[PDB]
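Coming up is one lone chain in structure tokens, specifically the form deposited without this ligand.
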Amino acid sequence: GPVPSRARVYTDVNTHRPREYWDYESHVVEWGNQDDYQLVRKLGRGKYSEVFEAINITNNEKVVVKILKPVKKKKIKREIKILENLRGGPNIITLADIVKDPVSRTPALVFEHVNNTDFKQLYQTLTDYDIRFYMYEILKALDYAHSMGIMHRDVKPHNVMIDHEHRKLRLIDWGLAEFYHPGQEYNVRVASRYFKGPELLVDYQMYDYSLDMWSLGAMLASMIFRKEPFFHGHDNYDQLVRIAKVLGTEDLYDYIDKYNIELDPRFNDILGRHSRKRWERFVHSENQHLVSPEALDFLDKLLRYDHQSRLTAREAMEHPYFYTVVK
């Protein structure tokens, strides 16, 4: 069968916790007062919930209310427990309250408001300095979560709220997040297509925090190369092929061979034989101002097939790409 894998950092953190920390099924939800909140505008309807802008009529604070839907009910307490576990951490969205919506009769999570600009428009305006600055801010959130025994599993531009006026960033939507336990097998049907790590695409279930570092790399590549998305697959199978056309097939085979993983046989007729490309292949007059040797080296160390070989969030924060960022 597959060779096992463990995280190379924060490996054992949950084992030292009281069971209550990670045993989210046993969590008793604490409820606030739904009458404190007035919905103002529906902002969207994800897979699992409807999201609204609202006002806390008690303090006049703008808030965001996510009225939970789901059919995998376990996700309710998992998200709540993860949010409570991470509350107060750097760049982690703050869960302000949990109320029972009287119409849906389901929990509604109340979050702090962040004044965001649509990433498709915003990313066209980020300078080189800004990309470095905000990447560093995302890393603070990821390293905090990972240090707390949690993987986000859905890192993507839509889940990074940026108030660019105030240079404020929050990592949101912890509904796919999980507790990391060594040796545990996880669902590979997580993350959005363009951000799924190779471990998901080859059906390797014993993954870890390093999944989030792939997704961060895929975001970074889109930002520095002005290519949205960077790896633009039509489906989850073609998604792997798009990755292999950049990173090469030999290193893909080495990865699956290391873990004694066999590709879905449907790859036989679509994967082909591709060399690893040099990153300069993607540089052109329109993105050159965002590219530097340090950016390319950092990216190269995030976008690795072998999840164990990727930079950790803390290693990433040590990288020369961030030396120019004021701290």
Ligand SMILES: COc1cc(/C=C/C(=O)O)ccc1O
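Numbers for residues come from their place in the sequence shown, where the first is 1.
Another form exists, deposited with this ligand bound; not displayed. Remarks below refer to it.
In this form the binding site remains open, since this ligand, overlaid from its pose in the deposited bound form, puts no atom within 2.4 angstroms of a backbone or C-beta atom. Note on contacts: among 84, 251, 112, 203, the single residue with a heavy atom within 4.5 Å of this ligand in the deposited bound form is 112. The listed set 243, 161, 141, 148 contains one residue whose heavy atoms approach this ligand in the deposited bound form to within 4.5 Å, identified as 161. For the chain shown alone, residue 51 is a contact residue for this ligand in the deposited bound form, at least one non-hydrogen atom being within 4.5 angstroms. Using a 4.5 angstroms threshold between heavy atoms, residue 173 counts as touching this ligand in the deposited bound form. Contact between residue 43 and this ligand in the deposited bound form is found at the 4.5 Å heavy atom cutoff. Proximity of residue 247 to this ligand in the deposited bound form falls outside the 4.5 Å heavy atom cutoff. Residues of just one listed stretch (254-262, 60-68, 295-303, 280-288) have heavy atoms within 4.5 Å of this ligand in the deposited bound form: 60-68. Along 220-256, a non-hydrogen atom within 4.5 Å of this ligand in the deposited bound form is carried by no residue at all.
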